[PDB]
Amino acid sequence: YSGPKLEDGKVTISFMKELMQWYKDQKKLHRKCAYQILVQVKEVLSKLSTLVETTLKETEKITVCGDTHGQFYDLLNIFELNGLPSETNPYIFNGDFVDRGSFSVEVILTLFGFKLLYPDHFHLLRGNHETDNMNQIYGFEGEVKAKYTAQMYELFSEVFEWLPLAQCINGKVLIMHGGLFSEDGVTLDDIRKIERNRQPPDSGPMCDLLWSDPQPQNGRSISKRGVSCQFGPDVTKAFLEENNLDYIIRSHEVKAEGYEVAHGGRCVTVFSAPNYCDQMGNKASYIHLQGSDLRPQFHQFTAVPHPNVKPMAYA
């Protein structure tokens, strides 16, 4: 084995650079290194609140990315366009890092490594695909079994249970994978109090955070996905007012331009998997926020070449 090795058992920036090149070249991180990253990141994540609260000073910025779905070569493109993560270049990846795309192992271990390297500046929120029943079906479990073992997959599954469910910036912008709730009256403190270290239930706030979608008309509708709901602009307005928020940022739906701004400004979708499944032909985007101006700034990007492995090859 001549691949990347941790230094004194820890991630360093040189390790991360070596890992990204190793993965670009389609090689595998040694299982002992992968294991170390997973046990360390489980410990880091298990200390976090279900609601991560982040303050951006006036001169600070943060980048918000939506789903990435194992599109590792597109993830590298994000870092090339926008800079590597660092204490002065923070990131939030808003769930759905795995499944569908066939470089899910590379995406997730790269993201976990950066979480370890910059724990206060690199943030990962859970998506509906960071769950066992979805991974069983949509590629990630197959991919982990092919590259490592069933035991490694069980460890991933346990780490995913500790991913936080939402993040609030400056008490003003709330970020979650799916959306808002099937019932009125949910507060930020209710979100803080969710015991999240589990597979999601099929109803309730934890389910909604990972699964809901906005709809244009007022009200709520039964979701076409079979779980959670669609929520209208009235739902969003009431939630923002009770919680003294400005708007939400969510992901969870593919958008041809990489983003959408619904509910009159109040519900933003960002989606960071361009040409999803090598077929959708969509652009992707990421958002910049700044402590002096929390309004979203959108940066669009398009897909880059990857090795010839088909999406869902492991599903």
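The first residue of the sequence shown is number 1, and the count goes up from there.
Enquirer: Would you determine, from the values in the PDB entry, which of 101 to 109 and 139 to 147 has the greater average C-alpha temperature factor?
Expert: Per the deposited B-factors, the answer is 139 to 147.
Enquirer: Comparing average C-alpha B factors as deposited, tell me which of 51 to 59 and 267 to 275 sits higher.
Expert: Mean B over CA atoms: larger for 51 to 59.
Enquirer: At the C-alpha atoms, which of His123, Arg192, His177, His129 reaches the highest B-factor in this entry?
Expert: Highest C-alpha B-factor among the listed residues goes to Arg192.
Enquirer: Highest recorded C-alpha temperature factor, please, choosing from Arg198, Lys237, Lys115, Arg225.
Expert: Going by the entry's C-alpha B-factors, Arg225 comes out highest.
Enquirer: Going by the entry, which third of its chain does the Cα temperature factor of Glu154 land in?
Expert: Answer is highest: the recorded C-alpha B-factor places it there.
Enquirer: Sorting the chain's modelled residues by C-alpha B-factor, tell me whether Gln40 ends up in the lowest, middle or highest third.
Expert: For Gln40, the deposited C-alpha B-factor lands in the middle third.
Enquirer: What third of its chain's C-alpha B-factors does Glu87 belong to: lowest, middle or highest?
Expert: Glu87: CA B-factor falls in the highest third of its chain.
Enquirer: Determine, from the deposited record, the chain-internal third of the Cα B-factor for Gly204: lowest, middle or highest.
Expert: CA B-factor rank for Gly204: highest third.
Enquirer: Going by the CA temperature factor in the PDB record, which third of the chain does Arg250 belong to: lowest, middle or highest?
Expert: Lowest third of the chain for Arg250's C-alpha B-factor.
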